[PDB]
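Please read the structure below before turning to the comments.
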Amino acid sequence: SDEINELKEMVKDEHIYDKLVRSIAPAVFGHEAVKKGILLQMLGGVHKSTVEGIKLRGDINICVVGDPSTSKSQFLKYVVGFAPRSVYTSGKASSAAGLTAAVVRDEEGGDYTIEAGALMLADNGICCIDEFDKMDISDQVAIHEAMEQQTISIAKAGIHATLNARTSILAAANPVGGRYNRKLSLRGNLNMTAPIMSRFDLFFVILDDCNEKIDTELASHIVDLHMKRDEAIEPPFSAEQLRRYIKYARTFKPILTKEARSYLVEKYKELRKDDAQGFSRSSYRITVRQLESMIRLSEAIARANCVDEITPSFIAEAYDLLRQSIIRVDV
Amino acid sequence: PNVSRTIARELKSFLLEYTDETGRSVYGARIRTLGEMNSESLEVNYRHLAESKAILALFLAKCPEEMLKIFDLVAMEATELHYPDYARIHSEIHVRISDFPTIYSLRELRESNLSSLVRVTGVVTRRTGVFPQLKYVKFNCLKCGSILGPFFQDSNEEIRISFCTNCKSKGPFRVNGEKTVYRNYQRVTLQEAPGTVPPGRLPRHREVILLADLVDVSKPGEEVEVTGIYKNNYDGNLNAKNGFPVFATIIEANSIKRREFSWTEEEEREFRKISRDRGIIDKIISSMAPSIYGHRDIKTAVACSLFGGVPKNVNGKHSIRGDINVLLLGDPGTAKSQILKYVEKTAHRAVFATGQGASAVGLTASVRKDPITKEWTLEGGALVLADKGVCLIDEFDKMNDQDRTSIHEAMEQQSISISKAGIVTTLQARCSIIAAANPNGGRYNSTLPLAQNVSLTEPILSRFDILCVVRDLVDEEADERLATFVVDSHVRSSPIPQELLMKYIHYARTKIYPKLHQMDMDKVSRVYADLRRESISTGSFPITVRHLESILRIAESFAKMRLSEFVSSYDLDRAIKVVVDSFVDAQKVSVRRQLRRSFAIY
Amino acid sequence: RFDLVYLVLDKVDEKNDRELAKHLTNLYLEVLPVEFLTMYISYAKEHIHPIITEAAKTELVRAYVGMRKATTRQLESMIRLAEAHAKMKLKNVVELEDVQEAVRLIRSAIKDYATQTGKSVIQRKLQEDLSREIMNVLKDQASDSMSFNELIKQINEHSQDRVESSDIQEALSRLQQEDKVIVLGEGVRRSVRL
DNA sequence: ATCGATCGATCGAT
DNA sequence: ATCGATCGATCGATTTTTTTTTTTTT
Ligand SMILES: Nc1ncnc2c1ncn2[C@@H]1O[C@H](COP(=O)(O)OP(=O)(O)OP(=O)(O)O)[C@@H](O)[C@H]1O
């Protein structure tokens, strides 16, 4: 009703692209660009077409990592109590099923009761976890499985089933050293396989260290969080007004058929022509799926900007996003 | 109502003379089709009749029960005019008709939906064996005389026979085996589809009724659609409830459909005209995975097992193996996992259990009974679900070794067997078998032989006739050839229509049986001699006796694709070339030297 | 993640345990509020809602700067702890002087820390030497690989820096995840191929 | 085996 | 004398029931 006037009042504002970000997660301090992707995980791409056929993704993924007490927990607990049907786990003992079917016994009078379980219900929603290294490899399989087939088939000695999970997924697995190790190639730095690695675009590493200016800022900004007051400090947007705005942003299916998409190609060419040498840098390859997420990147961008068919300048943004995303794998 | 008899004339009009797409009534053909088929169950497009009168369909929406029970009557004679003496055959039919949304799931239904036909979706579940139905009641009675004539009952009531046939009682009515028509009957359980299951809520159980042709046609664990009629039926006692008093709901679908098509004369006939072209083989690659692009080569192997082939039986012994065991060496970031999924909706019969952890189901038969309780249930391995249907699996590396035994197991005897527990049988399952697993570690495991590439044993891999290996290290134009292709693919928001091509194979697997002429095939025994020892010269071996057997199962495919009914040289031309470099790529980078010798086999 | 850790220890004070045993020497036979504190346990809950105001914040900062000189998780407690002291004495505002021993109560666990993954290189130098060792063996030995036993001979034996076999294996695993090495089975150990 | 309802008659009322 | 209700003799239906071989999980 009158709420939509707020949208038109919101849609007119240019700086909201910045404001949406500053309004993202004030409980957290800084980290900036990491925040945006959260919103970006909150609106995926078309996650649809193009026939005949296969349904192209769609979705998106991030696992942000760094020194413990980075308060990376701030993000998950933020959106977990923020976005609807946002599901979260300790990411260590689900145990396995968890996401797997038990499969449940007995009945009684029967057996083989099929639980989903766990991450299904987040379907078409943002799923977040912690420390894949804690759940080991056993579920990394199916975890990677859900990352390919999306919806997963399951059973044990029961009746066959294929369960639908199309779910935006993020998580955080602490560094094996919890530190850097800057010279560490992110590829071997993560204590996990490339396919689950290449599947999520992208993890977006961040690190923390003492800065006396920020140490006072942390001393300042963080304590106000501890503060009963001032709680008066606020982001530009009420979380709710943006969330309803989110759905308005959700309605869109922006499609860039614009010939600037052609410009994106060499941008991918220019993206990976350099990565041929050396391979000891952020490579990867880079993955061709990266261009796919590069698609879903713009898929996330246009929604925030509300305009269909996007733009190359926007294309640069997601491109540059990957660049820093990738450069975190550098050194 | 009696005026509805007048409806019959009009409703039978659309039954016959109606046509669309250059005339050609399907029902006129429907009559002639079954017909020699003698399906004795007609189907009608709801969309077309709704296009004519939905008011009639509204009765089907109102009370379809007698509506068709009226509607079926002339349908018999409406055919019988086409089949003057057929009445001697079956003297009955009923239309399954067509899409009737609904499109309702399970747990969403209401007494509003009761007694009116409702198409419904659900997952097939355990069911009783097919039983005889009372069909038409009749009474040899007691004091009153035979035969008394048959009474129509029941599905399912049959009453009450109070006072009659002579007199009345105590000379009362009782059924006799003579002159009493019966029919097949099956109760069934179908739960709602888990993929369509709302999260954390347990799927609801639903009774599944089966009568006439519909019976036993369904198989347990199948994804399926059903067009039934929801009712409070029946009974109600259920003296247990009582509070609050109810008749426990049950439904019989007029129709059933597997997950989620068939050829016809006018279809196949022009469809035959498609087959005559030789270059059709290419558009088969063109229609392979048009949205995928990818390797024309990788799809070639896809085209192979996907197309299937003759077993073929050897009197009175083994039929060998007519199904292809497909294997794919993966690459990270590659479309490989996606393709088999194309085959998934592609395949008439298909099942994908992926690797393990485990996707449906146990990958093997674990079932032990357990009389008690109540009867328990018996099942086989994942392949049991689809027989003659191709296997779908990926990344065996993530599979447990116990289930991985059944892997080499299934491809071997082509019959399933296990030790649990008291029940003893021999299960025979024949499935083409697809495999795609990602190489250990990086993009390419080692230049060294794939035995070094894969932890998986060659002997278990040996059952794999086709190995799909992929690449590559980054190339300049490579993505221009794809990424540009890909970007244009996403622009959406040459190949045959999949209906034709999917019908093409099923039509083929159902019909055409190619056979080689031993004469020109002698060359392969000669041409193979080049393909073993020289191929033996490098690697260990890895030439296999079974490997040669593949080339024929290879050849059989293209011929049916040629619809030749017999093996042709051109069929071999691909058959060899398919195998040549396939065996070649398994070699180390030293294979570049191995390439030059294989040139003679081109 | 734990709010605090109190580490129990025995110094064998002479001089402690005797009088402790003399405290144990009680019963034997035959100012301490008992329940009155338990009501104050309840009373201090809903009826006291302390706010630290400005003063306490200033002190809390410099301590933590020396704390890391720790974690904001420790900073998380420093507020949570003192305000508990603030819950004491019926205070609706925290005393600026509590947080001293509040950090000190943290210091108490900190005095326990005077007494591995957190010390500079450790496995790193090892992996540099493991790499250099297998590389030298790669360029010397006719293989790109060498036996894990030969590794335990060529690593562990030479120096204290050199770690025990299992821990080499841990370093090797972490190098295997780096693609700096190849397992080549359990029988042997291989260097990563180009 | 006993309890349960049907059903038959009969003796009073109108 | 017509009608009834009343009692009784007529008729026929309802009375037990859960433990040892298992099997997907680390
Ligand atoms: N040759 C190609 N042509 C078109 N698209 C491709 C190609 N290779 C990869 N892709 C894209 O990359 C994605 C690959 O996902 P897929 O379903 O194949 O899982 P996967 O990459 O095989 O998993 P893994 O590599 O971890 O085993 C697809 O969405 C597909 O669109």
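Each position is counted from 1, following the chain as shown.
Header lists the method as electron microscopy, 6.1 Å.
Placed from the backbone N, Cα and C atoms, the Cβ positions cover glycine too.
Taken from Swiss-Prot, the feature ATP binding site applies to A:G66, A:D67, A:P68, A:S69, A:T70, A:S71, A:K72, A:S73, supported by sequence analysis. Here Swiss-Prot flags A:16-223 as domain 'MCM'. Feature annotation from Swiss-Prot assigns phosphothreonine to A:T257. The motif 'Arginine finger' feature in Swiss-Prot is assigned to A:198-201.
Sequence features, as recorded in Swiss-Prot, placed on the structure.
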{"residue": "A:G66", "record": "ATP binding site", "CB count, 10 Å": "21"}
{"residue": "A:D67", "record": "ATP binding site", "CB count, 10 Å": "17"}
{"residue": "A:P68", "record": "ATP binding site", "CB count, 10 Å": "17"}
{"residue": "A:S69", "record": "ATP binding site", "CB count, 10 Å": "18"}
{"residue": "A:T70", "record": "ATP binding site", "CB count, 10 Å": "20"}
{"residue": "A:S71", "record": "ATP binding site", "CB count, 10 Å": "21"}
{"residue": "A:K72", "record": "ATP binding site", "CB count, 10 Å": "22"}
{"residue": "A:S73", "record": "ATP binding site", "CB count, 10 Å": "16"}
{"residue": "A:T257", "record": "phosphothreonine", "CB count, 10 Å": "14"}
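Other residues of the same chain near the ATP site, with their Cβ within 8 Å of the Cβ centroid of A:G66, A:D67, A:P68, A:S69, A:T70, A:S71, A:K72, A:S73, are A:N174, A:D208. The two recorded residues, A:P68 (ATP binding site) and A:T257 (phosphothreonine), show a Cα separation of 43 Å. In terms of DSSP helix, strand and coil, the motif 'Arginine finger' (A:198-201) has 2 helix, 0 strand, 2 coil. Closeness to chain C is evaluated for the recorded positions A:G66, A:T70, A:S71, A:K72, A:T257 by Cβ distance, with values under 8 Å counted; counted residues in sequence order are A:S71.
Distance from the CA of A:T257 (phosphothreonine) to the CA of A:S73 (ATP binding site) is 39 Å.
For the pair A:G66 (ATP binding site) and the residue listed as 'phosphothreonine', the C-alpha distance works out to 38 angstrom. Checking the binding-site residues A:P68, A:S69, A:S73 against chain B with a Cβ-Cβ cut-off under 8 Å leaves no residue at all. Cα of A:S69 (ATP binding site) to Cα of A:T257 (phosphothreonine): a distance of 44 Å. Annotation note: A:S73 (ATP binding site) sits in a helical segment as assigned by DSSP.
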